[PDB]
Amino acid sequence: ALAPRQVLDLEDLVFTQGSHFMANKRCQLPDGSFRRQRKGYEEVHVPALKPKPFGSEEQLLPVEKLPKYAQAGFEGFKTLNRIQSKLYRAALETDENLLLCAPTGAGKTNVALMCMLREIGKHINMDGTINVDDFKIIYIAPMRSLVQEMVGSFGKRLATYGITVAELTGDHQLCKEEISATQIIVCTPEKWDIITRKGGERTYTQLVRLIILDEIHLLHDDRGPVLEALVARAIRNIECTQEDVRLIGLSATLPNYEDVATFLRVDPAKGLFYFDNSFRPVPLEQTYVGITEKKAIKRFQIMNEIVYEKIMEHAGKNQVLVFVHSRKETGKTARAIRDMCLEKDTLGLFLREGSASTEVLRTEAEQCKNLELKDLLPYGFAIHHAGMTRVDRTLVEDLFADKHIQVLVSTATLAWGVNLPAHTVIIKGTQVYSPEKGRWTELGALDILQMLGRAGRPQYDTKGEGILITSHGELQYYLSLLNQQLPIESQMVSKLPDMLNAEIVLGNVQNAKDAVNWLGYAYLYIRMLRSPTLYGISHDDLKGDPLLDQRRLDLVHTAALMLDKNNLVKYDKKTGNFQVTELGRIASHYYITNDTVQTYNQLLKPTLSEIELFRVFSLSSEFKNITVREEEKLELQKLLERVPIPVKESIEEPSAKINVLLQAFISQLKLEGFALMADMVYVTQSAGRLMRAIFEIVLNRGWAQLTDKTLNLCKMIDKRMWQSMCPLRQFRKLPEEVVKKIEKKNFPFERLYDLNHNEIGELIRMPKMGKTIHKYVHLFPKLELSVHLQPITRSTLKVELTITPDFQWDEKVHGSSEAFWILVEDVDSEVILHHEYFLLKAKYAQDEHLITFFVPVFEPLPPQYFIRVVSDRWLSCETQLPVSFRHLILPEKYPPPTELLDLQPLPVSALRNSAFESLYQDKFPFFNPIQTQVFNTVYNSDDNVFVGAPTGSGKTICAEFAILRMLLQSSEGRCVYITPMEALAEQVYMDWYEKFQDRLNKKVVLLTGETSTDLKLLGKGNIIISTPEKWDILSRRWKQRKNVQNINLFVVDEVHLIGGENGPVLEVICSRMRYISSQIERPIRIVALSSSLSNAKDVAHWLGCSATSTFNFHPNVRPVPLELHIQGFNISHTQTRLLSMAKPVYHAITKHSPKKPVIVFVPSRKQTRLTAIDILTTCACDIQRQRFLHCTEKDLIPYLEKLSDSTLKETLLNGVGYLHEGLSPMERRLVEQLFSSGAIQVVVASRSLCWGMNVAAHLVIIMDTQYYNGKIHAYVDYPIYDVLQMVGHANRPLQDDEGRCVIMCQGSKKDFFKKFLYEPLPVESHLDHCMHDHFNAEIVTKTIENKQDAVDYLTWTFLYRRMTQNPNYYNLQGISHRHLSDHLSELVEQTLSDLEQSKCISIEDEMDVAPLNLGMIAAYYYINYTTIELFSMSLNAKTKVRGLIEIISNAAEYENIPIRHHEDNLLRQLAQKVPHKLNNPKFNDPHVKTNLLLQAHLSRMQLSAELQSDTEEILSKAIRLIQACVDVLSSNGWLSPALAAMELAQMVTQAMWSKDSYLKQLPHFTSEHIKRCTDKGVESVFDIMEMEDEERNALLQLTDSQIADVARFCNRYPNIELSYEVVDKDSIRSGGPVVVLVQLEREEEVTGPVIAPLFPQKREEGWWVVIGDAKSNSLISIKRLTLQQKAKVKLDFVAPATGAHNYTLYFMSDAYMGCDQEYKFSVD
């Protein structure tokens, strides 16, 4: 939106007077106003307004009839106040926004409490749990001491509900260790503005339903813009999130109050309330006088004789306090009476309650003497201020509320601190010293009203008394303030650039027009409309622009020019768009002005000296008005010589006073002159934020030297000490004299670790507390650093810093966490090459943490690096560790990518077969340049080819070109297509099913879990799809399964996935094929579909690919040109970083893909809904509703009717769907189909779904790059290939002209993606860390016969080709061939030696090896060798059913069952629900998780999401693990544990327990249904079919249309007809063998699968024919054969001596339970 703009001078439109700028011309005096005069001061009185009788419409309303849920807290308050009674219905029965205008004395504390109780009254739970802390309340009080009043008052009056009210404010870093358990937050406007000032600090605002703006007439003060920024930001978020927050405004009666109502969106008919001074709690009789001229020395005198005769009205009935300004002036004016009133006349000769200066009874008794209270003690005089006895100043207040002290002398802090009123307030010359200007300007208006509001004590008085004294010229201002005639105005023109740059950083505004609308949400907009002539506007330019579209534009334009001048925000004149700079981000987050940032940027240098750092601080524009007075030259010089840092900036003047005041505050130098005490506080409270901003500015720029200086100065200000001092000063409970004595001699602090508590006393001449010093030395935080280095390229290294804590934890000392800064720098410690914020939580304190980051290197490789880990809070808490490269062997250079020639795109006409052109012509005519170049090799040849192109480059059909080659030279060819992901396996299978079996009539199959049906699917299959694990178990027995070698084509997609998790299983089978291709029959064509690989020559040479048949392309030759945009979020807290991205995610869609489809990848599945709804609310927030829905809602109602997720049905109506694993396949296919159709423009998918998605888009936004890992209690980055596949979804060659991906990640990971995505991806192997199972299986299959065969096996692996080029990655100390054979021999020796003591193999000679019993069962079931070793270790002769349940759950195959967020206590609930709870469960162990998942699966408990997608993974590997226990228990000779193990596979498929009911296989039978047949009913599945009378649904009925399913599992449920055969003549008297034969044929000729309603895998019926002893726990024979109709019962055994032996034939199953029967017999 372009429009001509004009520059404005803000100084002309600003209210220069600030808080005391009165807009009214005159001042209406009341009726009883008389003006009496003296010769130095003239009096102007106003009377005490009479009390108004209650009208007929309003009456007092007690607390009895208000609702019972909120009557608590009002205990002790019988009847509501007259104001509360008028708002009893508004503040408790309506959620309308309120604005209370009342006299300052009205209290207003109960009305704010009634609005809280209404918010609290929404979550009751019928007194079962009042603590439903889903809500939060904010109370914004203007002054600091007011906050201490509300926290205590609301504390006692709300603790009855379990509510916890706290207060976060001051100079801390927004501590979240005690906020999530808080419900009412009390803080200042600037503090709550600091909250919402950060990027993702919305956690508080998302739960807040109520905010209260107490003393909201602060809008008139210079702090007014802070309140405007709060409300304007909060209301816009109410619109941008569609969640309503109720605003309550509390104000003193002043003009323009209705404008404050419109500012808060208050309905003047149901929310606005105004009560003039007629509603004062006590009618105050005010006086107003003004000094004429001075007589400056007599000014202090003239103003004092007017204080005495005001005490003369009533002796004791006149209770007084004298308000001053200075802390010690509580004595000066209290000595003025002691000097003036003493020597002139009667110095308050008080003499009533007794005989020696009134009551001294309770005066001399309660006697503490706080070094000031005494000279005014035998009478009612007392002092109060923030100066001294801050601990026992409450005693000055305690002995006063009981009517004990009659005159006080206090400061403005008390009026806000504790509500202690009096009969007569008083004040003095209202001209305070303001360090912001260094002047003595008029007192702030907000103080004066709160000051005189203490004129009352309604519980102990009936009349007030006014009492002010000031000048005359420009002093009728105070008449208009205290008499409801001081108009509330807007000071936003003052702080406009600071409030604008705020919203720019939040993203709430993006350009000039975005900000002009933001200006309409503030109080400045309304005030510019009602009184436009006051705000520099005229009446003629108002008619042409009543909305002020030009003035607000001119205001935004000028403020934007200042932010550009100071480099806060880059902003152009033409488009008017805003761009946030790093300086603007820090200026906002740390609340520093735009002028200060420019000075910081103008001066900060990498080599900036420490003395200049204090200079750069002292030039902060927050101190631009701090000057120096003559009364300060003496004390300032007596500080400069006492402070350490040599101040070379100036001998004095202004910049050095700020510098000296810093070091004086750091060194805790006690000051005397009060002109410096008030100035030092101002240059130190901001010193925390100012120096912390300089720290982040320097840290993010990588200036290692100044980063250490600025970070130290941040701790030096916080800890109020220097680095030269002893670090033990930070322990604030050690005697300073002792700590000052340990630093007498220059004894190093680290040497204290090596000294006991006795040697401590030896060197400190004080063995008194030598033991309590050894306590705090070991309480100091100390970290240990160990590093493992791994080179990736010749320019990057993979550092694995292992942090080990070495100290004792203490929440009293450290708290709930300890922060650190992992800084890695170069040799000279000048450049921070990488940095990240490491946190050390309390509950995981002594646990070991491993941080994985990457660092760059260069060809002139320096000898070392340095990983310095310093603390973020503690001074001198640093652990350093060099990283020497003296043994570093950088990898080999990667060859350039294969050049892409601009060949004329070959059409489908080049493909000869017209039966194939029909599968490629109706889609696109010409192949892309990457395809047209590899065509001739992959199709017109029979050699091995390797294609390397980025994901999403049409590379999938290149594998199909090799498939067409096989079909032309084979009838029913044999092709095995391998894909590392199961989701991508089904994604290509169905894609290839149509293109080869539907239209080409060539059977295309997909492998499964059971190897029996896998072998027959291998036979029928012409195009075979398989994951590495399914093809490994089949191709392992390749010697026998000869249909594995006869394959003609062997495709492997995404072979760069060899270096990731589950990678070695892909390397083993790809080398398994390269080896069984040694001229056995014919080359098996090893086409390996890969991506951009730097070391692609190693993958080609591995798979026999030549150089001509190796096409590896750079990522930039992508067919659809990609525009990658990586932006960083410097937020270490992951839960906050995600919420800080929900706004840039929407702002990225509107910029990169406004009308084209967009995919967003979020880490968790709960974020799929949140990010979708956030896009919804932020979309309608832009007044752009339904711009992502490109169809009409009527066209979606039929489709959305079949959806069950109510939220998906609502978000899709707004054109934004989402995809997560919690959705049904029908729901996922629907959202993917509607997205590719263009109906919806946005899908928000999980990370886990980035593979199984047949969907592309124009813009792919990656929300986060980290997912939670509950096993280590830390967040880990995305696997690089997960990110790669996500970026690939930004590929639409037919539609889009370009691809666009936006990666949003933590700033610590930005430099990682900044080069591993623009460059080819280097790949390495991981076979050494997963070698035993493939070696153990190679020996059982007799492929490895000796140790030399194991060395020969490694010659075919990808590990062989990479160990020579990147040595240090696999810890190869040398590069020569001498080290290659040594490391290989050491590798095969250590791998076989592990199988030796694991009983898997048997080493006999230095060469030969042989498999054993444990080794064969581990290779048969594809079970890890440690699992069957654990089985042989734990299985004894008494393992029952529950004993087996615990053992199988501990299998190594269940190690990768993930532990996710908020499951540490979610799994704790299942332990109290399962019938067999475990002892010592930590709930963060996957084996403890898997044990509870099947214990709930056994009890048929619902799966409750999340922990349900892992249960299906358990049941996949569940069958093979139980059958292993059957073999181990049979090998050991135990029948009772073996029979219980055979029952386990039964109770898993149908989900039963040990003593469960047998009818639990019925398709519709609840848990309370077996009780229908317990008296004389059915108990088995046989008497329901033996009952030839087809009764069926005649004893009890539930469903008639679904009894067609019970009839299916009925005749599949097999009956038994068994009769063992033993002869007495073929064997007798033991000795020889004994042979037994069992039956084979059964009734129903069944050809139906096993019913698996709860088992996610189709199964086959398997039965164990076991012959064991009667009850001697001796399993004699056992055979596991598949169930059919005819087999050969091969079982035999040797008989024991004598002859009388009772045997038993067991015929157990593995699918159902009930058909098992026993047969007892005896032979011999």
# chains A, B, ... in the order shown; residues from 1 in each chain; ligands from 1
$ closest_atom_pairs --of "stretch 1079-1156 of chain A" --to "stretch 892-910 of chain A" --cutoff "8 Å" --atoms "only C-alpha atoms" --output "tab-separated table"
residue	atom	partner	partner_atom	distance
A:1094	CA	A:894	CA	5.4
A:1095	CA	A:894	CA	5.5
A:1097	CA	A:895	CA	7.8
A:1110	CA	A:898	CA	8.0
A:1111	CA	A:898	CA	5.6
A:1112	CA	A:898	CA	5.3
A:1113	CA	A:897	CA	5.0
A:1114	CA	A:897	CA	5.6
A:1117	CA	A:900	CA	7.3
$ write_last_selection --atoms "N, CA and C atoms" --output "compact mmCIF listing (two decimals), in the first residue's frame"
# COMPACT_ATOMS: atom_id res chain seq x y z
N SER A 1094 28.37 -36.83 -1.62
CA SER A 1094 29.71 -36.35 -1.92
C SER A 1094 30.66 -37.51 -2.20
N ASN A 1095 30.62 -38.54 -1.35
CA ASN A 1095 31.44 -39.73 -1.54
C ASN A 1095 30.64 -40.82 -2.26
N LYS A 1097 31.51 -42.10 -5.14
CA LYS A 1097 32.42 -43.07 -5.74
C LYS A 1097 32.58 -44.30 -4.85
N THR A 1110 27.67 -44.12 -13.13
CA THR A 1110 27.57 -43.54 -11.79
C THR A 1110 27.25 -42.06 -11.97
N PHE A 1111 25.97 -41.72 -11.86
CA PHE A 1111 25.50 -40.35 -12.04
C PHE A 1111 25.17 -39.78 -10.67
N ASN A 1112 26.07 -38.96 -10.14
CA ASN A 1112 25.86 -38.26 -8.88
C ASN A 1112 25.78 -36.77 -9.16
N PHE A 1113 24.62 -36.18 -8.90
CA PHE A 1113 24.35 -34.80 -9.24
C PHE A 1113 24.34 -33.92 -8.00
N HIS A 1114 24.77 -32.67 -8.17
CA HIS A 1114 24.73 -31.70 -7.09
C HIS A 1114 23.28 -31.32 -6.78
N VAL A 1117 21.14 -28.88 -9.29
CA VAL A 1117 20.62 -29.25 -10.61
C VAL A 1117 19.26 -29.91 -10.44
$ select_by_dssp --residues "stretch 840-965 of chain A" --states "strand (DSSP E or B)" --output "PyMOL selection string"
chain A and resi 840-841+849-856+866-871+878-879+882+907+926+946-948
$ write_last_selection --atoms "N, CA, C and O atoms" --output "mmCIF file, in the first residue's frame"
data_model
loop_
_atom_site.group_PDB
_atom_site.id
_atom_site.type_symbol
_atom_site.label_atom_id
_atom_site.label_comp_id
_atom_site.auth_asym_id
_atom_site.auth_seq_id
_atom_site.Cartn_x
_atom_site.Cartn_y
_atom_site.Cartn_z
ATOM 1 N N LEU A 840 21.129 -27.706 33.053
ATOM 2 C CA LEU A 840 21.357 -28.836 33.952
ATOM 3 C C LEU A 840 20.221 -28.847 34.970
ATOM 4 O O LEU A 840 20.269 -28.125 35.971
ATOM 5 N N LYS A 841 19.203 -29.666 34.716
ATOM 6 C CA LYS A 841 18.052 -29.723 35.603
ATOM 7 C C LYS A 841 18.416 -30.411 36.918
ATOM 8 O O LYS A 841 19.423 -31.115 37.029
ATOM 9 N N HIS A 849 25.297 -36.071 30.589
ATOM 10 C CA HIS A 849 24.666 -35.478 29.418
ATOM 11 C C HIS A 849 25.666 -35.405 28.274
ATOM 12 O O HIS A 849 26.830 -35.043 28.476
ATOM 13 N N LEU A 850 25.207 -35.747 27.073
ATOM 14 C CA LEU A 850 26.038 -35.754 25.875
ATOM 15 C C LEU A 850 25.470 -34.759 24.874
ATOM 16 O O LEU A 850 24.349 -34.936 24.386
ATOM 17 N N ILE A 851 26.245 -33.721 24.570
ATOM 18 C CA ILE A 851 25.846 -32.681 23.627
ATOM 19 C C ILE A 851 26.562 -32.929 22.308
ATOM 20 O O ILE A 851 27.792 -33.061 22.276
ATOM 21 N N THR A 852 25.797 -32.995 21.221
ATOM 22 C CA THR A 852 26.320 -33.319 19.898
ATOM 23 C C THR A 852 26.164 -32.102 18.994
ATOM 24 O O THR A 852 25.043 -31.732 18.631
ATOM 25 N N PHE A 853 27.286 -31.487 18.627
ATOM 26 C CA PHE A 853 27.303 -30.340 17.730
ATOM 27 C C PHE A 853 28.403 -30.529 16.692
ATOM 28 O O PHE A 853 29.165 -31.500 16.729
ATOM 29 N N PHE A 854 28.483 -29.587 15.754
ATOM 30 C CA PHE A 854 29.446 -29.637 14.665
ATOM 31 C C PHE A 854 30.255 -28.351 14.636
ATOM 32 O O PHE A 854 29.730 -27.271 14.927
ATOM 33 N N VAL A 855 31.532 -28.468 14.282
ATOM 34 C CA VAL A 855 32.434 -27.319 14.229
ATOM 35 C C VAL A 855 33.154 -27.299 12.885
ATOM 36 O O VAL A 855 33.400 -28.362 12.296
ATOM 37 N N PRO A 856 33.503 -26.126 12.362
ATOM 38 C CA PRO A 856 34.255 -26.063 11.108
ATOM 39 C C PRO A 856 35.761 -26.080 11.323
ATOM 40 O O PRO A 856 36.282 -25.671 12.362
ATOM 41 N N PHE A 866 39.128 -25.207 21.530
ATOM 42 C CA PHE A 866 38.845 -25.033 22.951
ATOM 43 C C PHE A 866 37.343 -25.052 23.173
ATOM 44 O O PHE A 866 36.620 -24.237 22.595
ATOM 45 N N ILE A 867 36.882 -25.974 24.012
ATOM 46 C CA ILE A 867 35.481 -26.070 24.401
ATOM 47 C C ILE A 867 35.380 -25.545 25.827
ATOM 48 O O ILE A 867 35.607 -26.282 26.792
ATOM 49 N N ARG A 868 35.043 -24.266 25.967
ATOM 50 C CA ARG A 868 34.896 -23.629 27.270
ATOM 51 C C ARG A 868 33.425 -23.642 27.666
ATOM 52 O O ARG A 868 32.572 -23.147 26.922
ATOM 53 N N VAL A 869 33.132 -24.208 28.833
ATOM 54 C CA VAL A 869 31.776 -24.266 29.365
ATOM 55 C C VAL A 869 31.770 -23.451 30.651
ATOM 56 O O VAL A 869 32.210 -23.926 31.705
ATOM 57 N N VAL A 870 31.283 -22.220 30.567
ATOM 58 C CA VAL A 870 31.195 -21.337 31.714
ATOM 59 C C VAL A 870 29.760 -21.345 32.223
ATOM 60 O O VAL A 870 28.821 -21.730 31.520
ATOM 61 N N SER A 871 29.585 -20.912 33.467
ATOM 62 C CA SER A 871 28.249 -20.800 34.022
ATOM 63 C C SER A 871 27.563 -19.540 33.504
ATOM 64 O O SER A 871 28.206 -18.591 33.047
ATOM 65 N N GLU A 878 34.122 -21.821 35.356
ATOM 66 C CA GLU A 878 34.481 -22.178 33.993
ATOM 67 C C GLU A 878 35.286 -23.471 33.975
ATOM 68 O O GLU A 878 36.174 -23.674 34.810
ATOM 69 N N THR A 879 34.965 -24.341 33.020
ATOM 70 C CA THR A 879 35.731 -25.552 32.753
ATOM 71 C C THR A 879 36.146 -25.538 31.289
ATOM 72 O O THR A 879 35.290 -25.467 30.400
ATOM 73 N N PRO A 882 40.889 -28.440 25.805
ATOM 74 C CA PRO A 882 41.373 -28.344 24.425
ATOM 75 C C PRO A 882 40.987 -29.567 23.606
ATOM 76 O O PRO A 882 40.789 -30.665 24.134
ATOM 77 N N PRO A 907 11.674 -37.542 -25.454
ATOM 78 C CA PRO A 907 10.263 -37.855 -25.192
ATOM 79 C C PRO A 907 10.062 -39.328 -24.878
ATOM 80 O O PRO A 907 11.017 -40.110 -24.907
ATOM 81 N N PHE A 926 8.102 -35.096 -21.835
ATOM 82 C CA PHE A 926 9.559 -35.092 -21.832
ATOM 83 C C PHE A 926 10.095 -35.320 -20.425
ATOM 84 O O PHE A 926 9.600 -34.734 -19.458
ATOM 85 N N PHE A 946 24.329 -46.319 -10.804
ATOM 86 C CA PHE A 946 24.056 -45.583 -9.577
ATOM 87 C C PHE A 946 23.632 -44.169 -9.945
ATOM 88 O O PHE A 946 24.351 -43.475 -10.670
ATOM 89 N N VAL A 947 22.474 -43.746 -9.446
ATOM 90 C CA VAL A 947 21.919 -42.429 -9.745
ATOM 91 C C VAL A 947 21.854 -41.633 -8.450
ATOM 92 O O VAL A 947 21.250 -42.083 -7.467
ATOM 93 N N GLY A 948 22.466 -40.451 -8.451
ATOM 94 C CA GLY A 948 22.455 -39.588 -7.287
ATOM 95 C C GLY A 948 21.854 -38.226 -7.567
ATOM 96 O O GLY A 948 22.511 -37.356 -8.147
#
$ select_by_dssp --residues "stretch 697-943 of chain A" --states "alpha helix (DSSP H)" --output "PyMOL selection string"
chain A and resi 697-701+704-719+736-742+757-762+770-777+914-917+929-938
$ residues_around --residues "residue A:1075" --least-positions-apart "6" --cutoff "12 Å" --atoms "only C-alpha atoms" --output "ChimeraX atom specification"
/A:1035,1038,1045,1068-1069,1083-1084,1086,1102-1104,1343,1352-1357
$ residues_around --residues "residue A:42" --least-positions-apart "6" --cutoff "12 Å" --atoms "only C-alpha atoms" --output "list in words"
residues 34, 35, 36, 287, 288, 289, 290, 291, 292, 293, 302, 303, 306, 468, 469, 470, 471 and 472 of chain A
$ residues_around --residues "residue A:1500" --least-positions-apart "4" --cutoff "10 Å" --atoms "only C-alpha atoms" --output "mmCIF file with C-alpha atoms, in the first residue's frame"
data_model
loop_
_atom_site.group_PDB
_atom_site.id
_atom_site.type_symbol
_atom_site.label_atom_id
_atom_site.label_comp_id
_atom_site.auth_asym_id
_atom_site.auth_seq_id
_atom_site.Cartn_x
_atom_site.Cartn_y
_atom_site.Cartn_z
ATOM 1 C CA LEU A 1494 1.081 -55.827 27.071
ATOM 2 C CA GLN A 1495 -0.142 -56.006 30.675
ATOM 3 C CA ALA A 1496 -2.800 -53.554 29.504
ATOM 4 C CA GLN A 1550 -6.683 -62.789 21.399
ATOM 5 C CA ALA A 1551 -5.559 -60.711 24.420
ATOM 6 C CA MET A 1552 -6.264 -62.930 27.441
ATOM 7 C CA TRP A 1553 -4.804 -63.345 30.919
ATOM 8 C CA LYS A 1560 -13.014 -63.788 24.767
ATOM 9 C CA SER A 1567 -16.388 -57.842 30.028
ATOM 10 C CA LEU A 1654 -6.291 -57.420 18.554
#
$ residues_around --residues "stretch 247-253 of chain A" --least-positions-apart "3" --cutoff "7 Å" --atoms "only C-alpha atoms" --output "list in words"
residues 97, 98, 99, 100, 101, 102, 103, 104, 210, 211, 212, 213, 214, 215, 216, 217, 264, 276 and 484 of chain A
$ closest_residue --among "A:1423, A:700, A:693, A:1429" --to "residue A:1397" --atoms "only C-alpha atoms"
A:1429
$ residues_around --residues "residue A:566" --least-positions-apart "6" --cutoff "7 Å" --atoms "only C-alpha atoms" --output "ChimeraX atom specification"
/A:594-595,597-598
$ decode --residues "stretch 769-783 of chain A" --atoms "N, CA, C and O atoms" --output "compact mmCIF listing (two decimals), in the first residue's frame"
# COMPACT_ATOMS: atom_id res chain seq x y z
N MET A 769 35.40 -22.52 61.71
CA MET A 769 34.46 -22.90 60.66
C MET A 769 35.18 -23.47 59.44
O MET A 769 34.72 -23.29 58.31
N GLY A 770 36.31 -24.14 59.65
CA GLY A 770 36.98 -24.82 58.55
C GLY A 770 36.19 -25.97 57.98
O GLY A 770 36.46 -26.40 56.85
N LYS A 771 35.22 -26.49 58.74
CA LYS A 771 34.39 -27.58 58.25
C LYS A 771 33.25 -27.07 57.38
O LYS A 771 32.87 -27.71 56.39
N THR A 772 32.68 -25.91 57.73
CA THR A 772 31.60 -25.33 56.94
C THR A 772 32.09 -24.61 55.70
O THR A 772 31.27 -24.17 54.89
N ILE A 773 33.40 -24.46 55.53
CA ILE A 773 33.95 -23.95 54.28
C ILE A 773 34.18 -25.09 53.29
O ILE A 773 33.93 -24.94 52.09
N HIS A 774 34.64 -26.24 53.78
CA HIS A 774 34.70 -27.44 52.96
C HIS A 774 33.32 -27.86 52.47
O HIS A 774 33.21 -28.57 51.46
N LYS A 775 32.26 -27.42 53.16
CA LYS A 775 30.90 -27.69 52.69
C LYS A 775 30.57 -26.86 51.46
O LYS A 775 29.98 -27.37 50.50
N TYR A 776 30.94 -25.57 51.46
CA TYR A 776 30.58 -24.68 50.36
C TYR A 776 31.55 -24.77 49.19
O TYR A 776 31.16 -24.42 48.07
N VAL A 777 32.78 -25.21 49.41
CA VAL A 777 33.70 -25.42 48.29
C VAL A 777 33.16 -26.51 47.37
O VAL A 777 33.18 -26.37 46.14
N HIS A 778 32.66 -27.60 47.95
CA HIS A 778 32.05 -28.66 47.16
C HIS A 778 30.61 -28.35 46.76
O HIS A 778 30.02 -29.12 45.98
N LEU A 779 30.03 -27.27 47.27
CA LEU A 779 28.74 -26.79 46.78
C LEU A 779 28.89 -25.91 45.54
O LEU A 779 27.89 -25.66 44.86
N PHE A 780 30.10 -25.44 45.25
CA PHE A 780 30.32 -24.64 44.05
C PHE A 780 30.16 -25.51 42.81
O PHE A 780 30.66 -26.64 42.77
N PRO A 781 29.46 -25.03 41.78
CA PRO A 781 29.26 -25.84 40.58
C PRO A 781 30.58 -26.13 39.87
O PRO A 781 31.41 -25.24 39.69
N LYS A 782 30.76 -27.39 39.48
CA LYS A 782 31.96 -27.82 38.78
C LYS A 782 31.57 -28.88 37.76
O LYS A 782 30.95 -29.89 38.12
N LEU A 783 31.94 -28.66 36.50
CA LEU A 783 31.64 -29.58 35.42
C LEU A 783 32.92 -30.24 34.92
O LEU A 783 34.01 -29.66 34.98
